[PDB]
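Listed here are the chains, written in short residue letters.
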Amino acid sequence: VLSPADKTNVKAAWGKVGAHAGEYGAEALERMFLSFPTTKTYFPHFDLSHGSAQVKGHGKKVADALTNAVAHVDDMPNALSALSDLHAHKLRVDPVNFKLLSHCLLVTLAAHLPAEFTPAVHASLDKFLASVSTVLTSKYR
Amino acid sequence: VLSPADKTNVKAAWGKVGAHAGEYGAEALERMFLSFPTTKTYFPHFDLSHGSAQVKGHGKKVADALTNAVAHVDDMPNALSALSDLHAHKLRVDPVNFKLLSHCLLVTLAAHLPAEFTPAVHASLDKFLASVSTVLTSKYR
Amino acid sequence: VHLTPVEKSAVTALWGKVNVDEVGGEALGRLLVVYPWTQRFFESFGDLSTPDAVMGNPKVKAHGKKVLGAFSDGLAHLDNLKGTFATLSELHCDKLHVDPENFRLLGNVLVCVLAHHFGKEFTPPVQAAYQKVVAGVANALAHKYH
Amino acid sequence: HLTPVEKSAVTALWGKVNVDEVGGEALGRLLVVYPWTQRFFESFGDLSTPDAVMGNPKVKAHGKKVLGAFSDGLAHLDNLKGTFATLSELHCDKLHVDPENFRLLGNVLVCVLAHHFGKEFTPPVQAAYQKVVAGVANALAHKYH
Ligand code: HEM
Ligand code: HEM
Ligand code: HEM
Ligand code: HEM
């Protein structure tokens, strides 16, 4: 459950991501695929090689969904119902994999926005990504 | 993220608890303390002896606190604010302990309400207790 | 895991009453219903689309008997769960890549199923003993991860 | 465990870590991001705000001991269960720290490493470090096995 401070930390940090959201999404993927190879079984049809165009494009889609979640942080289950259907009903992703991706996203953000990634903001982003993960892995339809 | 039907199941199931609120909460407690002894470290000021009048009484408020949560299911952050303060802010209960009490509540329900403890209801109650758990273990205030 | 003698006796007497043709299938069915991502490991089981589908699914029932039998072997080999599950540890860990939290989930679903079947006879001391067992079994299943 | 190239990239990087800061930042971040872990440090003092935690000298002091413990596992990458057997007994038998928290701290340390080294903390480097922290988490949980 996000506090008031949490929600303004996330929106301001995500602001600072700017036009690099897609870059950061793709790097988080790559990091997750290299650090946690089991996660690759969810994309058997992806070219996963280093610098894969398919990974860069997917990264942009994840960034864009996260951006939408930031915009709708107070009504995530309505805003994310399409994605919840995809990940919870169809793919049936194990929630451990969301923790892995969320971790790799925090690593990516820490590496690129060191000034933003204070301890308070780290905490807020962790809770944000855990909230997103809960929506996407819950069948509430 | 609780669905429509999950909310109906929880109300139907937990409603069938009734006057046994205190009894089931006490036994779930007893089950946690016996099966997972570390959980007792949060009750050093408690006589945990089998049949303790403290445990017995403690378990009644949890059933009632649960009942209150079932009563404000769609607004648990506000409705449980004070219990959040205690578990998250004051006590700093590690979230694993909530998974243990949750599991013991489910065990207690299955043992005392076999006809109602369908798989669907089982899943709904698991989610609801997970919902109550995250609200109680996070700082949003 | 170390069960006191009283716990072993209690555990063994309740287990002897278990319906070996259904409890395993109820435990697996509930795992697939309560934690839907586990269905991902059983696509070749056919209809898993509804709780009614899953519970009545013949392949989930048949496979539940095997799992139950695995727990039965463990109960007679408490002192060496590790070796007992040597074979299976490799299967789920190396070949199958099941996240070991799912081992804990199934054990706890089984405890729920035993409470479902036995009611007041599934007392807190009896649960405490079974929780030691299923943690013993889950640990040993996860040993090729240690 | 670590391929030759993996082994060499991790030890190059570890050489540059600031041993007087990183330890304290990872524990502080653990206590900030996962606040229930504060329950294990009631003797450490003020933990009431993020800035309070990261300023705590007992937090910083304590964080250096973990960093050195990690540096031990690196020097004994093949024999970790034993390197931490004492640590394991302390955390498991005496403190009863739920071992999920071991994984949490290792992933915070990885964040801290990313925070300090920027682009130098490449995905291949992180992948090697994730193997390390998992091994430390697993060796530290050995008494639970
Ligand atoms: C922050 C967490 C996540 C977000 C915001 C997210 C978002 C998205 C989005 C926007 C799509 C595009 C769906 C479409 O093309 O219409 C997608 C697809 C997909 N996602 Fe996720 N995802 C997340 C986590 C995960 C994780 C952890 C996994 C597995 C480890 C996963 C597996 C997939 C798969 C397999 C697809 C389908 C890919 C395809 O067929 O193109 N997602 N996701
Ligand atoms: C569904 C889960 C839970 C619910 C609904 C719940 C609800 C409550 C309620 C209503 C109270 C007392 C409120 C009052 O004083 O009026 C309470 C107190 C307390 N809870 Fe929980 N609780 C839950 C889980 C836990 C867990 C898992 C732990 C620790 C293992 C815990 C530890 C405590 C303690 C230590 C107290 C105060 C005891 C005292 O007054 O000395 N709670 N809880
Ligand atoms: C926790 C205790 C568990 C026990 C005692 C257990 C036991 C078994 C046993 C005895 C088999 C039969 C293998 C054979 O006959 O050679 C089996 C197969 C299998 N297990 Fe488990 N298992 C457990 C947990 C899990 C979990 C949690 C999952 C997935 C979420 C899983 C997935 C599978 C799969 C996919 C198979 C093979 C299915 C097939 O035939 O295609 N196991 N398990
Ligand atoms: C995950 C890797 C970890 C490592 C490598 C590690 C390492 C250490 C070391 C070296 C010490 C000092 C040993 C001594 O003073 O004799 C220590 C003590 C301690 N550890 Fe950890 N630790 C880890 C995780 C954790 C976690 C997650 C917690 C709690 C959430 C924790 C709680 C404690 C406490 C409470 C102490 C003693 C504190 C006091 O002086 O009051 N440890 N640990």
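- Method-wise, the PDB entry is recorded as coming from X-ray crystallography, at a reported resolution of 1.950 Å.

1. So, the overall build of chain A
Right, so step 1: Helices and strands together make up the secondary structure of chain A, namely 7 helices and 0 strands.
Right, so step 2: Going from the N terminus to the C terminus, chain A shows its helices and strands as α-α-α-α-α-α-α.
Right, so step 3: Its C-alpha atoms give chain A a radius of gyration of 14 Å, within 12% of the compact-globule value 14 Å for 141 residues.
Right, so step 4: Overall, the C-alpha framework of chain A stretches about 40 × 35 × 25 Å when taken along its three principal axes.
Right, so step 5: Looking at the 141 residues of chain A, the share that counts as buried comes to 55%.
Right, so step 6: Of the contacts formed within chain A by residues at least 6 apart in sequence, a portion of 77% connects residues at least 24 apart.
Right, so step 7: Summing over all exposed atoms, chain A offers an accessible surface of approximately 6,200 Å²; the carbon and sulfur share of this is 61%.
Right, so step 8: In chain A, the 14 positive side-chain charges and the 12 negative ones have mean positions that sit 5 Å from each other.

2. Thoughts on the overall build of chain C
Right, so step 1: Check the secondary structure of chain C and you find 8 helices and 0 strands.
Right, so step 2: Each helix and strand of chain C, placed in order from N terminus to C terminus, yields the pattern α-α-α-α-α-α-α-α.
Right, so step 3: Whereas a compact globule of 146 residues would reach a radius of gyration of roughly 15 Å, chain C reaches 15 Å, a difference of no more than 12%.
Right, so step 4: Along the first, second and third principal axes, the C-alpha atoms of chain C reach 45 × 35 × 20 Å.
Right, so step 5: Looking at chain C residue by residue over its 146 residues, the buried ones come to 51%.
Right, so step 6: Counting contacts in chain C only where the partners sit at least 6 residues apart, residues at least 24 apart contribute 71% of the total.
Right, so step 7: When the 14 positive and 14 negative side-chain charges of chain C are each reduced to one mean point, those points stand 2 Å apart.

3. Concerning the packing of aromatic side chains
The geometry of an aromatic ring pair is captured by two quantities: the separation of the ring centres and the angle between the planes.
Right, so step 1: According to the stated counting rule, one finds 12 aromatic pairs over all chains in the structure shown.
Right, so step 2: Arranged with centres 5.6 Å apart and planes meeting at 55°, the rings of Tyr35(C) and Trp37(C) form a pair that is tilted. Judged on exposure class, the residue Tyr35(C) and its partner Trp37(C) are both buried.
Right, so step 3: One aromatic cluster is present, built from ring pairs that chain together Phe33(A), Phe43(A) and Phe46(A).
Right, so step 4: Over the aromatic face of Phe40(D) sits the side chain of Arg39(D), whose NZ or CZ is 5.3 Å from the ring centroid.

4. A closer look at the coordination of the iron atom of ligand 4
Right, so step 1: One donor from the polypeptide reaches the iron atom of ligand 4: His91(D) (NE2), at 2.4 Å.
Right, so step 2: Considering the arrangement of structural elements, one finds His91(D) in helix α6 (residues 85–95).

5. Thoughts on the packing of helix α1 (residues 4–15) of chain B against helix α3 (residues 53–71) of chain B
All names here are of chain B.
Right, so step 1: The geometry of α1 relative to α3 is characterised by a closest axis approach of 10 Å and an angle of 150° between their N-to-C directions. Overall, the two elements α1 and α3 adopt an arrangement that is roughly antiparallel. Crossing hand, α1 versus α3: left-handed. Contact residues: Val10, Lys11 and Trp14 in α1; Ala63, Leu66, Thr67 and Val70 in α3.
Right, so step 2: Classifying every residue of the contact of α1 with α3 by side-chain character gives 5 nonpolar, 1 polar and 1 charged.

6. So, the side chain of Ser88(D)
Right, so step 1: Here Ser88(D) lies in helix α6.
Right, so step 2: Residues in contact with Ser88(D), not counting those within four places in the same chain, are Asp93(D), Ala139(D), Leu140(D), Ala141(D), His142(D) and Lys143(D).

7. As for the interface of chain B and chain C
Right, so step 1: Taken together, the contacts link 20 residues of chain B with 20 residues of chain C.
Right, so step 2: Both faces combined, the contact of chain B with chain C buries some 1,800 Å², and carbon together with sulfur accounts for 65% of it.
Right, so step 3: The largest per-residue losses of area from chain B upon contact with chain C belong to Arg31(B), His103(B) and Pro119(B), which jointly make up 28% of the total buried on that side.
Right, so step 4: Applying the counting rule to chain B against chain C returns 0 salt bridges.

8. Structural notes on the interface of chain A and chain D
Right, so step 1: Contact with chain A, which involves 21 residues of that partner, is made by 22 residues of chain D.
Right, so step 2: Across the interface of chain A and chain D, roughly 1,800 Å² is buried in total on both sides, 64% from carbon and sulfur atoms.
Right, so step 3: In this structure, the connection of chain A to chain D is made through 0 salt bridges.
Right, so step 4: Linking chain A to chain D there are 8 residue pairs in polar contact.
Right, so step 5: Taken together, the elements giving at least two residues each to the side of chain A that touches chain D come down to α2 (21–35), α6 (95–112) and α7 (119–137) of chain A.
Right, so step 6: Looking at the side of chain A that touches chain D element by element, the count peaks at 8 residues for α6(A).

9. Some words on the coordination of the iron atom of ligand 2
Right, so step 1: Among protein residues, the single donor to the iron atom of ligand 2 is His87(B) (NE2), with a metal-donor distance of 2.3 Å.
Right, so step 2: Inspection of the secondary structure assignment puts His87(B) in helix α5 (residues 81–91).

10. Things to note about the UniProt feature "binding site: (2R)-2,3-bisphosphoglycerate" in chain C
Residues and elements named next belong to chain C.
Right, so step 1: Under the UniProt annotation, "binding site: (2R)-2,3-bisphosphoglycerate" lies at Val1, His2, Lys82 and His143.
Right, so step 2: Mapped onto the secondary structure, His2 falls in the segment before α1 (5–15).
Right, so step 3: Residue contacts for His2: discarding those within four places in its chain leaves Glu7 and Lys132.
Right, so step 4: Relative to the elements of secondary structure, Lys82 occurs in helix α5 (residues 81–84).
Right, so step 5: For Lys82, a relative accessible area of 28% puts it in the partly exposed group.

11. Side note on the UniProt feature "domain: Globin" in chain A
Right, so step 1: Under the UniProt annotation, the feature "domain: Globin" is placed at residues 1–141 of chain A.
Right, so step 2: Secondary structure over residues 1–141 of chain A splits into 71% helix and 0% strand, and the C-alpha atoms at its two ends are 21 Å apart.

12. Some words on the packing of helix α3 (residues 53–71) of chain A against α7(A)
Residues and elements named next belong to chain A.
Right, so step 1: The contact between α3 and α7 brings their axes to 11 Å, and the two run at 105°. Comparing their axes, α7 and α3 come out roughly perpendicular. When α3 is examined against α7, the residues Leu66, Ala69 and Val70 are found in contact with a partner set consisting of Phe128, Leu129 and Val132.

Rules used in this analysis
Residues numbered from 1 in each chain as written, not as in the entry; some residues may be left out. Chains lettered and ligands numbered in written order. Heavy atoms only, no water. Helix = DSSP H or I, 4+ residues; strand = E, 2+ residues; numbered from the N terminus. Rg over C-alpha atoms; globule rule 2.2 N^0.38 Å. Buried < 20%, exposed > 50% of the residue type's maximum accessible area, 1.4 Å probe, protein only. Contact = heavy atoms within 4.5 Å. Areas by Shrake-Rupley, 256 points an atom, 1.4 Å probe, with all protein chains shown as cover. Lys, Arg positive; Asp, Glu negative; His and termini not counted. Charge placed at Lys NZ, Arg CZ, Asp CG, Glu CD. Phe/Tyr/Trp six-rings, centres within 6.5 Å; stacked < 30°, edge-to-face > 60°. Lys NZ or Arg CZ within 6 Å of the ring centre and 35° of its normal. Donors = N, O, S within 2.8 Å, 3.2 Å for Na, K, Ca; no water. Axes fitted to C-alpha atoms, helices over the stretch in contact; angles between N-to-C directions. Parallel < 35°, antiparallel > 145°, perpendicular 65-115°, else oblique. Left-handed = near helix turned anticlockwise from the far one by under 90°. Nonpolar A, V, L, I, M, F, W, Y, C, P; charged D, E, K, R; others polar. Buried area = accessible area lost by both parts, 1.4 Å probe. Salt bridge = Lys/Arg side-chain N within 4 Å of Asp/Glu carboxyl O. Polar contact = N/O pair within 3.5 Å; in protein donor to acceptor, adjacent residues only side chain to side chain. UniProt positions renumbered as here; feature names shortened; annotations may be inferred.

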